[PDB]
Amino acid sequence: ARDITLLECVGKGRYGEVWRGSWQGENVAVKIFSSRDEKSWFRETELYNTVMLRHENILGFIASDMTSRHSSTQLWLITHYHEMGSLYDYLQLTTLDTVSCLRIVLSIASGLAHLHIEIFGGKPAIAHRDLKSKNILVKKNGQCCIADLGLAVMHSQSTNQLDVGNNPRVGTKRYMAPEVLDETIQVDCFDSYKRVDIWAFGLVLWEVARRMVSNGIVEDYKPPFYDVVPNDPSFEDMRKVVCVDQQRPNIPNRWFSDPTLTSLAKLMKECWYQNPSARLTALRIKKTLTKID
Amino acid sequence: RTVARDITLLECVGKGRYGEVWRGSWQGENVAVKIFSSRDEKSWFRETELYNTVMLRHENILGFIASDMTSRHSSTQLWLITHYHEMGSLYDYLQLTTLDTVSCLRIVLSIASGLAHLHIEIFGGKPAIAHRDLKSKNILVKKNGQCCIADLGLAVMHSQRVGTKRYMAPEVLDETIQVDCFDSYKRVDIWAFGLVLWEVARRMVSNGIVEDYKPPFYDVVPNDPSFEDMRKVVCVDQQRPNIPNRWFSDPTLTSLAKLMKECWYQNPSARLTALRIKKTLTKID
Ligand SMILES: COc1cc(-c2cncc(-c3ccc(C4CCN(C)CC4)cc3)c2C)cc(OC)c1OC
Ligand SMILES: COc1cc(-c2cncc(-c3ccc(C4CCN(C)CC4)cc3)c2C)cc(OC)c1OC
Ligand SMILES: COc1cc(-c2cncc(-c3ccc(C4CCN(C)CC4)cc3)c2C)cc(OC)c1OC
Ligand SMILES: COc1cc(-c2cncc(-c3ccc(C4CCN(C)CC4)cc3)c2C)cc(OC)c1OC
């Protein structure tokens, strides 16, 4: 029972398109890649070949296909479907209580620690390189899963092998770490890519915490750096604010009246050091969030 | 819209260390489905990366349809789907069939055509490609009498010891191959082409005479030769396949003997190019 029916488009952009489809009488998500992003399709396919990748907080794949007749090629990725959409979509619409806020951020930390930590026997260590709220899906149990492994990079400690792949694509400009924006990142060092993920995770923590109510107050949804860069920021716009101006997202002062938001502000600042080796690990973030409340 | 992905697997036409090849049916049409073993996973990734880079389309290259990866409970299933050629491999065909002058030339010119197409860089186009496992089992026979080259699971691309041991060039066996020079890999293919040309020419009738099908070096190495077995024959003793006297009574086989010796020089840079083999073959008969 391999057939799929495409039912409605739930996303269109430079990446291609995502469809809600029907397969074996279940909803599936079907991504059809743009020609411009063919190397992302292949990288994501290499990543999903890892059976031990599977995790409650990683988007589950069903199949990957490259199809062709004559001169045209289609590139397909079929995954589980999350009708609540991305965390970006969800935060526009909804405020959070303490329980819901911690459940979301701990689930992302759990997914990211699962990616970063090598499993021996297995799964290589994996750095994502494009973590952001559009690449996180919300599940009906109030946990999230991380999506889009097209830029990922794999490392095996046992065999001393680093696979950075071949993909000219770069991460989403708004979420790029200082060392990415100033292009000084150590490209032959696996730990460099984990540290880029931690920066981006800090930004996602900020986006989420803004939406958690405390003392009758909440902030409106805003993307990171909304106050300091143009609407559709360029690479150089982001380099200006992050590297030249040393800007970091502002902590609303109302957070300091709430113990949970005070803990989260501390945690996001430890993701944002210009010095990448100073930043927390995904495991330490997971352990910290496990303890918070 | 409905995306019909069901393929009916009808009969197994190949089983090996690589996995299995099945004749299958998609929407009424024969396809060939290669199901990869864990042993041979990297061949699916390499061929898939190549076709993701350049969608080869040539009458003498096995026609790509799809690369499929399906998640299972405890494994990943990897399928390559191509055109189906019911006559099977050249290896199979030659066991079962003698050739006349026209069929022999049509087979070898079609192989040279496929191989030159792989080897050529085309600008605007395709990268240059070396096959790295050319042999009679990796060539399929079409109903029109032409062949197509199959299995790009070891192929290497360029823009400006993985092969079958019996078909390895001397520079592969003695580890002198200039691994930094893409032309090295083209020259390894040409050596193998020359062995295939010998396998085919043996089955061409002249003056009521034909040789039995044998694989290259059948008379000097064991049924399943070691790397060392091949090195001693090809590198140390510098043996080459036997050219039977009866060929020198036939103008076509005399010309094909000359061509196969210009594929078997010890010095890789002395060997003919695929394009020069094509031109030579179009002037025979
Ligand atoms: C994978 O292989 C096979 C696929 C198909 C197949 C099925 N539906 C649609 C298509 C198709 C339609 C249209 C376009 C283009 C046309 C021009 N452009 C402006 C827009 C899009 C591309 C593709 C195909 C090719 C048929 C096959 O056999 C008949 C295949 O071979 C087994
Ligand atoms: C990020 O990356 C991938 C995501 C998905 C995916 C999986 N479930 C659900 C979705 C979704 C559904 C619906 C909406 C709503 C949002 C608000 N509303 C106004 C419009 C529609 C949003 C999102 C998606 C996009 C699949 C992918 O591959 C198949 C992804 O690529 C790896
Ligand atoms: C995913 O998997 C398999 C798919 C197929 C297959 C079946 N029907 C139709 C198609 C098709 C082709 C092309 C378009 C175009 C339409 C125009 N526009 C520019 C976007 C895209 C749409 C649909 C395909 C590709 C066959 C398979 O096996 C033979 C598949 O499994 C390997
Ligand atoms: C070398 O490589 C690949 C080859 C093929 C492939 C393509 N058409 C047809 C075939 C085939 C059909 C039928 C017979 C036999 C049946 C019994 N009878 C007594 C003689 C004939 C043999 C062979 C194959 C094996 C597909 C592949 O991948 C999908 C290959 O791998 C790239």
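Scope of the values below: all heavy atoms of this structure, side chains included, with no hydrogens, waters or symmetry mates. Proteins come first, then strands; the chains are lettered A, B, ... in the order of their sequence lines, and each starts at number 1. Order of listing sets the numbers, starting from 1, for every ligand and every atom in it.
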Just which atoms of ligand 4 are under 4.0 Å from any heavy atom in B:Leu80? 29 (C), 32 (C)
Please tell me if atom 28 (O) of ligand 2 is touched by the protein, where touching means a protein heavy-atom distance below 4.0 Å. yes
Please identify which atoms of ligand 2 are closer than 4.0 Å to at least one heavy atom of A:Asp148. 32 (C)
Using heavy atoms and a threshold below 4.0 Å, how should the contact between B:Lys137 and ligand 4 be classified: side chain, backbone, both, or neither? backbone
Under-4.0 Å heavy-atom contact with ligand 4, by part of B:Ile81 that carries it: neither
Considering only non-hydrogen protein atoms, determine which one is nearest to atom 4 (C) of ligand 2 and report residue, atom name and distance to 0.1 Å. A:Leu137 CD1, 4.0 Å
Does an N or O anywhere in B:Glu86 fall below 3.5 Å from an N or O of ligand 4? no
Under 4.0 Å and counting heavy atoms only, is there anything from the protein next to atom 18 (N) of ligand 4? no
Counting from 1 in the order shown, the ligand 2 atoms closer than 4.0 Å to a non-hydrogen atom of A:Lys31 are 28 (O), 29 (C), 31 (O)
What I want to find out is whether A:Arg43 reaches A:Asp163 closely enough, with some N-O distance under 4.0 Å, to be called a salt bridge. yes
Any protein heavy atom nearer than 4.0 Å to atom 32 (C) of ligand 4: yes
With backbone taken as N, CA, C and O and side chain as the heavy atoms from C-beta onward, which portion of A:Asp89 lies under 4.0 Å from ligand 2: side chain, backbone, both, or neither? side chain
How about B:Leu118 and B:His58: do any of their side-chain heavy atoms sit closer than 4.5 Å? no
Donor-acceptor pair between B:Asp40 and B:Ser37 side chains, under 3.5 angstrom: no
I want to confirm something. Looking only at heavy atoms, which of A:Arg69, B:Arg1, B:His83, A:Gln74 is nearest to atom 9 (C) of ligand 1? B:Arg1
Specify the protein heavy atom at minimum distance from atom 25 (C) of ligand 2: its residue, its atom name, and the distance to 0.1 Å. A:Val18 CG1, 4.0 Å
Nearest protein heavy atom with distance in Å, relative to atom 12 (C) of ligand 2: A:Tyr81 OH, 3.5 Å
Any N/O of A:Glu44 closer than 3.5 Å to an N/O of ligand 2? no
for atom 30 (C) of ligand 2, nearest protein heavy atom and its distance come out as A:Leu59 CD2, 4.2 Å
A quick test of your reading: do over 12 heavy atoms of other residues, nucleotides or ligands sit less than 6.0 Å from NZ of A:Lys134? no
Please identify which atoms of ligand 4 are closer than 4.0 Å to at least one heavy atom of B:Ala32. 7 (C), 26 (C), 29 (C)
Nearest non-hydrogen protein atom, atom 23 (C) of ligand 2: A:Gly85 CA, 3.5 Å
Check whether NZ of the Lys or CZ of the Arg A:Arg2 lies under 6.0 Å from the centre of the six-membered ring of A:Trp76 and within 45 degrees of that ring's axis. no
Would you kindly specify which portion of A:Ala147 sits under 4.0 Å from ligand 2, judged on non-hydrogen atoms: side chain, backbone, both or neither? side chain
Residue and atom name of the nearest protein heavy atom (relative to atom 16 (C) of ligand 4), distance in Å to one decimal: B:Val13 CG1, 4.0 Å
Of A:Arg20, A:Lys140, A:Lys139, the one forming a salt bridge (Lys or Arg N to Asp or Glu O under 4.0 Å) with A:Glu83 is A:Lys140
Ligand 1 versus A:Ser68: contacting region, heavy-atom distance under 4.0 Å: backbone
Of all the atoms in ligand 4, which lie at a distance below 4.0 Å from a heavy atom belonging to B:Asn138? 1 (C)
